[PDB]
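Single chain ahead, written as structure tokens, the form deposited in one PDB entry.
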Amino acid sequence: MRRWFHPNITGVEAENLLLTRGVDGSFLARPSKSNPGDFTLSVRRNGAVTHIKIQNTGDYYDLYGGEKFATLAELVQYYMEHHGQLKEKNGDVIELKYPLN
């Protein structure tokens, strides 16, 4: 739903927040600089932060592949509930565990 969304932050303030007040599995979503309109999930795992690109085609949201969603909040809820399905690049499963509010 809402509190893990941070309109207010840069990629670097996202890594700050997650490394000082996060734990592994902490995540937030934030507007993208790499492509406006889109958003990006900054996820903490193994002490580091990964940034995953969320596509907004204006017709649905996805992770440039995968299941399609009408809303951002629905995308994040599916991946919180469905633990094996978010994988970045090298098939590496990433757990969306603890929202960084």
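Residues that one form lacks are left out of the comparison. By rigid core we mean the largest C-alpha set that fits within 1.5 Å across both forms. Position 1 is the first residue in the sequence shown; the rest follow in order.
Although not depicted, the form deposited with a partner chain bound is the subject of the following passage.
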Thinking of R45, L86 and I94 as one candidate spot, does the partner chain come within 4.5 Å of a heavy atom in every one of them in the deposited complex? yes
Is the gap between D24 and the partner chain in the deposited complex 4.5 Å or less for some heavy atom pair? no
Determine whether any heavy atom of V76 comes within 4.5 Å of a heavy atom of the partner chain in the deposited complex, and answer yes or no. no
The partner chain contact in the deposited complex: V49, any heavy atom under 4.5 Å: yes
Classify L63 as contacting or not contacting the partner chain in the deposited complex by the rule of any non-hydrogen atom within 4.5 angstroms, answering yes or no. yes
Core fit, then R21 C-alpha moves 2 Å or more between this form and the one not shown: no
After the core is matched up, is the C-alpha of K89 off by 2 Å or more between this form and the one not shown? yes
Pull up the moving segments between this form and the one not shown: at least three consecutive residues, every CA shifted by 2 Å or more, rigid core held fixed. 87 to 92
